[PDB]
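Right, one structure below, let's go through it.
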Amino acid sequence: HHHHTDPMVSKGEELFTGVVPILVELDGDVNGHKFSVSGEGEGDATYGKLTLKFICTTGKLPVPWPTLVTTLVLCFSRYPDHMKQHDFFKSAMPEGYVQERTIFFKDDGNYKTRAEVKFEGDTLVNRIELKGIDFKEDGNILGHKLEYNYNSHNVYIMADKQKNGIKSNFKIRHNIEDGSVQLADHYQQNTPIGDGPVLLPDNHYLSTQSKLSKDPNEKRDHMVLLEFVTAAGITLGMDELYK
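Letter by letter, the sequence shown follows residues -6 to 65, 69 to 239 of the deposited numbering.
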């Protein structure tokens, strides 16, 4: 909805009332393997709900789809009404923000990504460049030894006033088919594209849940993604309203 005492919050929340179309474009290069991914779907910030179908437009994806879940739109996260003054992602809109990441896979290579997330008219667009180096050929990544699922996880978000944005470091535990886990340490920084003011948040975390599925009628290498992202970690406003 729109009814917020803060006009800055009302500016951001209004852009994400209801369902918004999403376009995702990634151009990636992992160990010389060049690939491109196009994703389409819709986000519902009211419920923190994402529905996206990604298509590898260059053939077979040289990396497992779970390794690209976080790389392949945080502005659709559901921030509770008492935490909406900490929604950096919606405040940077419609100009958008740059999302840069370095993803270290334990005992394997690393991803280096840079994305520009912004509105193209009514459509929320995520344009991504990916560069992967030093990956082991027979490893869990290029060997496609990971399971096709995603574990739920909480990730803390912290402000970065020197860059007028946010920063985040967190661990992703991919499930290997033999029962083990492939650690993927994420380092993230976000900076607004426009020079206007943004909402610098307090330290809070995002609860994330993802379901991976397949379109039975799709013959191209693809991934169907249902993702829920809800912010938490800030108790009400003053004290408590019930105890």
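Just so you know, even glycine gets a beta-carbon here, dropped at the ideal spot from N, CA and C.
Query	Result
DSSP state of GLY5 mapped onto helix, strand, coil	helix
For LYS27, the three-state DSSP class (helix, strand or coil)	strand
Where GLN158 falls, given that 16 or more other Cβ within 10 Å makes a residue buried	exposed
Integer Cβ distance of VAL62 from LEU221, believed to fall under 8 Å	7 Å
Given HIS182 as reference, the closest of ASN150, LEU195 and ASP174 once Cα atoms are compared	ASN150
Start and end residues, beta strand (DSSP E) containing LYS46	42 to 49
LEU237 classed as buried or exposed, judged by whether at least 16 other C-beta atoms fall within 10 angstroms	exposed
Same chain, Cβ closer than 8 Å to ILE189, five either side skipped, listed in chain order	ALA88, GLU91, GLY92, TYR93, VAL94, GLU112 and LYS114
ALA227 beta carbon less than 9 Å from that of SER3	no
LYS86 and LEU8 closer than 9 Å at C-beta	yes
N-terminal and C-terminal residue of the beta strand (DSSP E) that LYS53 is part of	Note, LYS53: premise wrong, no beta strand (DSSP E); not H, not E.
First through last residue of the alpha helix (DSSP H) which encompasses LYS86	84 to 87
Residue closest to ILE129, alpha-carbon to alpha-carbon, out of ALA155, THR98 and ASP118	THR98
According to DSSP, residues forming a beta bridge with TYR201	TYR152 and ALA228
Per-residue burial, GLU223 [other beta carbons within 10 Å of its own, 16 or more giving buried]	buried
For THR187, the three-state DSSP class (helix, strand or coil)	strand
Beta-carbon gap between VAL23 and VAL69 smaller than 9 Å	no
Within 9 Å, strictly: CB atoms of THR204 and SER148	yes
Opposing strand residues paired with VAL69 [DSSP bridges]	For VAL69, which the question treats as bridged, DSSP gives no partner whatsoever.
Status (buried if at least 16 other CB within 10 Å, exposed otherwise) for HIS(-5)	exposed
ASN171 versus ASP(-1): straight-line alpha-carbon distance, rounded	43 Å
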